[PDB]
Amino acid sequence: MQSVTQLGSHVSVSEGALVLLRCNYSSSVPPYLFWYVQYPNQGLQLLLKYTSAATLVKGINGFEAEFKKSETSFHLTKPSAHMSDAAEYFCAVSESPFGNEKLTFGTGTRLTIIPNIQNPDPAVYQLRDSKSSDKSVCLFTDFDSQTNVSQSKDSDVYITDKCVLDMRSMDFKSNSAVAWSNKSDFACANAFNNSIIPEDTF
């Protein structure tokens, strides 16, 4: 239980690919190690713990970690990443076999999973709900994860980054970013601009 580090504060992996989250520790005494995950909205929750009860530990949500004493490591793996694995992950160490007595945490690894968009028809669309006041949002949606949305240049125009929604029942996922302004000389058809696909429909 002296210290812990998690090299790699941010990991982005394709849906279905291998997940690996680093953990290394130093301990003057026998160490006991723990992995916690923190889902976007909720709190911290035990994924798995190691006690001197066996080397390869199996934990919740399809994860596993190996206690390799000869590298001072306890890396977290899952063979095939699921959208629902997106979260922050923390490695801790304790002098107690059960994690009763103080835990020292590492700094966290933010895991981001990249959806595999199957059949992309990218497009920019104009939405205005006719409650209509200081109103006009533009939706760039249904693009491939190759595509990143770059920030604004005109500092009085707002673009939000891409986000990924999943309509579970139709095994259908899709990416979107939103853009808006109150400015009268602002058009959906020239609002987004960057790393953008020719086949964009309108």
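Start at 1 and count along the sequence shown; that's the residue number.
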| query | On average, which has the higher Cα B-factor in the deposited entry, 58-66 or 168-176? | reply | 168-176
| said: Tell me which stretch, 29-37 or 147-155, has the higher mean Cα B-factor listed in the entry. | reply: 147-155
| field | Largest Cα B-factor, entry values, listed residues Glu71, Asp85, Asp129, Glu101 | value | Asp129
| remark: Entry record, C-alpha B-factors for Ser184, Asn24, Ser12, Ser9; the maximum is at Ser184
| query | Compared with the other modelled residues in the chain, in which third is the CA B-factor of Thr5? | reply | lowest
| field | Modelled-residue ranking by C-alpha temperature factor, third containing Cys163 | value | middle
| message | Quick check for you: using the entry's CA B-factors within this chain, is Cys138 in the lowest, middle or highest third? | response | highest
| said: Sorting by Cα B-factor within the chain, modelled residues only, which third would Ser94 end up in: lowest, middle or highest? | reply: lowest
| Taking the entry's C-alpha B-factors for this chain, is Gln118 in the lowest, middle or highest third? | highest
